[PDB]
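Novice:
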Amino acid sequence: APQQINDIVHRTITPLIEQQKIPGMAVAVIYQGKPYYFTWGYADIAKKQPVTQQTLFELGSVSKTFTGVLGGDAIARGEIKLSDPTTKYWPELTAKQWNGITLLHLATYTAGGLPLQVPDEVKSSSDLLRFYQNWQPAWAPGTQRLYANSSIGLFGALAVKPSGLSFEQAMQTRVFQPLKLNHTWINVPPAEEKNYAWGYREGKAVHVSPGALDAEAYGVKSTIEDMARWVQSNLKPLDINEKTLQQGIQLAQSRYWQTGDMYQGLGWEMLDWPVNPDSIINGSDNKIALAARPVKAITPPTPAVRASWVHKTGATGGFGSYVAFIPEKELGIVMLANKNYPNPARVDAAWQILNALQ
Ligand SMILES: CC(=O)Nc1ccsc1C(=O)O
Ligand SMILES: CC(=O)Nc1ccsc1C(=O)O
Ligand SMILES: CC(=O)Nc1ccsc1C(=O)O
């Protein structure tokens, strides 16, 4: 890599790893389109396995970007539309509060206060139906944003219904394969287990446990190389051969709602570039990110703006990830770690890297 990039990356990540006590980390910088890779530390402390460019990390909520793009692709195919009532694809959702709640609301956390997590007590598909049927909205549709796995998770599950494919099959055939993400998985295959990092939570080695709508909301695992390709694909959707996928990516980066300085896409979140570093850094803290906030409708949505900071924060019990990119600049970063360390530290590091290179 160019010395400039190396110096910028190392001066930023070294003290981060030290401050946060991160066991293992992989970083990719996309500079003028190309990828440059950096790795530190351990995928498995016990077995002394280093982080490599082939190491799989749990993406956590960064998985929502894939869900958003897969959803976008389904819209491009004419299989669904964001203006459809939720009941169009789940007719058993007959309870009256579901009148007026569309796929858009589900995809953008604006249904009216669906909870962050699906209750752990939900074990069966009958349990899941009951949960949504009995759920009482705090607010009218499209008035408040509340970040929720139970919201985008349901969107993901319903978006693939007309296809007649399972969520995993749809994701694999329509997103992973066309983009050549051959080491990106919802379920890690036995063949790839050797590369699967352990997450670390309070010193303990952990992997994400099964849960309702896990695949749709937080269930993707990936390598630093595949995530770099994912950034490249989102930076330049036009170079993608598969028409509906190209359009899906653009739909995902469209601006549907505004809250403060931020815009809600499908999975992706965006801010106007140049950004105020304090608004991305402070805004990434869960104090703000997980809070219920009033939204202003963007009527109609603004097509993907190239002058944007597009990004997504993501975590599991044992992992912390961050992806950010600026289409206008052909510039991006992926940060994957096997520790959940605070969002603002992630965004601060990303800012100081991308700022230095722009
Ligand atoms: C629909 C789904 O994700 N599966 C489901 C529903 C209730 S529990 C559960 C699971 O996967 O554990
Ligand atoms: C094939 C299939 O799953 N179709 C289905 C299931 C719930 S809604 C829907 C559709 O095609 O609209
Ligand atoms: C897996 C999951 O629910 N992640 C979660 C919960 C609150 S913030 C967050 C994330 O992935 O950033």
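When you line the sequence shown up against PDB author numbering, it's residues 4 to 361, in that order.
Just so you know, even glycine gets a beta-carbon here, dropped at the ideal spot from N, CA and C.
How far does the alpha helix (DSSP H) with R14 in it reach, from first residue to last?
Specialist: For this step, residue 14 is matched to residue 11 along the sequence shown. Residues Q6 to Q23.
Novice: Rounded to a whole number of angstroms, what is the C-alpha to C-alpha distance between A114 and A359?
Specialist: Here residue 114 is taken as the residue at index 111 of the sequence shown, counted from 1. Here residue 359 is taken as the residue at index 356 of the sequence shown, counted from 1. The alpha-carbon atoms of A114 and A359 are separated by roughly 39 Å.
Novice: Jot down the residue ranges of each uninterrupted beta strand (DSSP E) in the segment 296-345, minimum 3 residues, whole runs only, in chain order.
Specialist: Counting whole runs of 3 or more residues, the segment 296-345 contains the beta strand (DSSP E) stretches 299-305, 311-318, 323-329 and 334-340.
Novice: How is the beta strand (DSSP E) around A231 delimited, first residue to last?
Specialist: As a working note, residue 231 is residue 228 in the sequence shown. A231 -> not in any beta strand (DSSP E); alpha helix (DSSP H) instead, spanning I227 to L238.
Novice: Return the first residue and the last residue of the beta strand (DSSP E) that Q261 is part of.
Specialist: Position 258 of the sequence shown holds residue 261. Looking at the DSSP string, the run of the beta strand (DSSP E) that includes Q261 is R258 to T262.
Novice: Which one of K342, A340, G268 and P5 has the shortest CA to CA distance from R148?
Specialist: For this step, residue 148 is matched to residue 145 along the sequence shown. Checked all of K342, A340, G268 and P5; the closest Cα to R148 is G268.
Novice: Look at the alpha carbon of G81 and the alpha carbon of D87, and state the distance between them as a whole number of angstroms.
Specialist: As a position in the sequence shown, residue 81 is number 78, starting the count at 1. As a position in the sequence shown, residue 87 is number 84, starting the count at 1. Rounded to whole angstroms, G81 to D87 spans 12 Å at the Cα level.
Novice: Would you identify the three-state DSSP class for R133, choosing helix, strand or coil?
Specialist: To locate residue 133, count along the sequence shown from 1; it is residue 130. It is helical.
Novice: From which residue to which residue does the alpha helix (DSSP H) around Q250 run?
Specialist: For the purposes of this step, residue 250 is identified with residue 247 of the sequence shown, where counting begins at 1. Looking at the DSSP string, the run of the alpha helix (DSSP H) that includes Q250 is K246 to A255.
Novice: Taking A294 as the reference, which of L117, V30 and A31 has the closest Cα?
Specialist: If you number the sequence shown from 1, residue 294 lands on position 291. Of the candidates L117, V30 and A31, the one whose C-alpha sits nearest the C-alpha of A294 is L117.
Novice: For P118, does the three-state DSSP call read helix, strand or coil?
Specialist: As a position in the sequence shown, residue 118 is number 115, starting the count at 1. Coil.
Novice: Which two residues bound the contiguous alpha helix (DSSP H) that contains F69?
Specialist: Mapped onto the sequence shown, residue 69 falls at position 66. First-last of the alpha helix (DSSP H) with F69: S66 to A79.
Novice: Give a yes or no on whether the C-beta atoms belonging to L357 and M28 are separated by under 9 Å.
Specialist: Numbered from 1 along the sequence shown, position 354 holds the residue referred to as residue 357. Numbered from 1 along the sequence shown, position 25 holds the residue referred to as residue 28. Contact: no.
Novice: The alpha helix (DSSP H) spanning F158 covers which residue range?
Specialist: Along the sequence shown, read from residue 1 onward, the residue named residue 158 stands at position 155. Its alpha helix (DSSP H) spans residues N152 to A162.
Novice: Exposed or buried, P192, counting other C-beta atoms within 10 Å across all chains shown (16 or more means buried)?
Specialist: Your numbering for residue 192 matches position 189 in the sequence shown. With fewer than 16 Cβ atoms within 10 Å of its Cβ, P192 is classed as exposed.
Novice: Who are the near neighbours of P347 in its chain, counting only those whose CB is closer than 8 Å to its CB and skipping five residues on each side?
Specialist: Within the sequence shown, numbered from 1, the residue matching residue 347 stands at position 344. Taken in chain order, the residues that qualify are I284, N285, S287 and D288.
Novice: Opposite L62 in the DSSP bridges: which residues?
Specialist: Translated into the one-based positions of the sequence shown, residue 62 becomes position 59. Beta-bridge pairing links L62 to no other residue.
Novice: Whether or not the segment 316-326 and the segment 200-210 are in contact is what I'm after, with contact meaning three or more pairs of Cβ atoms, one per stretch, closer than 8 Å; do they touch?
Specialist: Yes, they touch.
Novice: For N279 and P330, I'd like the C-alpha separation in whole angstroms.
Specialist: Residue mapping note: residue 279 aligns to position 276 of the sequence shown, counting from 1. Residue mapping note: residue 330 aligns to position 327 of the sequence shown, counting from 1. Roughly 17 Å between the two C-alpha positions.
Novice: So is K342 buried or exposed if we call it buried at 16+ other beta carbons inside 10 Å?
Specialist: Position 339 of the sequence shown, counted from the first residue, corresponds to residue 342. The residue is buried, with at least 16 neighbouring Cβ atoms inside 10 Å.
Novice: So does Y259 have its beta carbon nearer than 8 Å to some heavy atom of ligand 3?
Specialist: For the purposes of this step, residue 259 is taken as the residue at position 256 of the sequence shown. False, no ligand heavy atom lies under 8 Å from that Cβ.
Novice: May I ask you to check if the CB of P118 is nearer than 8 Å to at least one heavy atom of ligand 1?
Specialist: Residue mapping note: residue 118 aligns to position 115 of the sequence shown, counting from 1. No; taking the cut-off as 8 Å, the Cβ of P118 has no heavy atom of ligand 1 nearer than that.
Novice: Is any heavy atom in ligand 3 found nearer than 8 Å to the beta carbon of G202?
Specialist: The sequence position of residue 202 within the sequence shown is 199, counting from 1. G202: no, Cβ never under 8 Å from ligand 3.
Novice: What residue does the alpha helix (DSSP H) around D217 start on, and which one ends it?
Specialist: As a first step, residue 217 must be located in the sequence shown, where it is residue number 214. Start and end: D217 to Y221.
Novice: Report yes if the C-beta distance between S153 and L216 is below 9 Å; otherwise report no.
Specialist: Position 150 of the sequence shown holds residue 153. Position 213 of the sequence shown holds residue 216. It is a contact, given that the beta carbons lie within the stated cut-off.
Novice: Pairing CB atoms from the segment 235-248 with CB atoms from the segment 167-185, are three or more of them under 8 Å?
Specialist: Yes, since at least three Cβ pairs between the segment 235-248 and the segment 167-185 fall closer than 8 Å, the two stretches touch.
Novice: On the three-state DSSP scale, how would you describe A110?
Specialist: On the sequence shown, residue 110 is found 107 positions in, with the first residue counted as 1. In the structure shown, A110 sits in a helix (DSSP, three-state: H, G or I).
Novice: Give me the residue from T17, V32, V223 and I25 with the minimum Cα distance to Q235.
Specialist: Translated into positions along the sequence shown, residue 235 becomes position 232. It is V32 whose Cα lies nearest to the Cα of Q235.
Novice: Could you tell me the distance, in whole angstroms, from the CA atom of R232 to the CA atom of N185?
Specialist: Locating residue 232 in the sequence shown gives position 229, counting from the first residue. Locating residue 185 in the sequence shown gives position 182, counting from the first residue. Straight-line Cα distance between these residues: approximately 11 Å.
Novice: Please state if the CB of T68 and the CB of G270 are separated by a distance shorter than 9 Å.
Specialist: The sequence position of residue 270 within the sequence shown is 267, counting from 1. The sequence position of residue 68 within the sequence shown is 65, counting from 1. Contact: yes.
Novice: Per the contact definition of three or more C-beta pairs closer than 8 Å, is the segment 299-319 in contact with the segment 249-269?
Specialist: They touch, by the three-pair rule.
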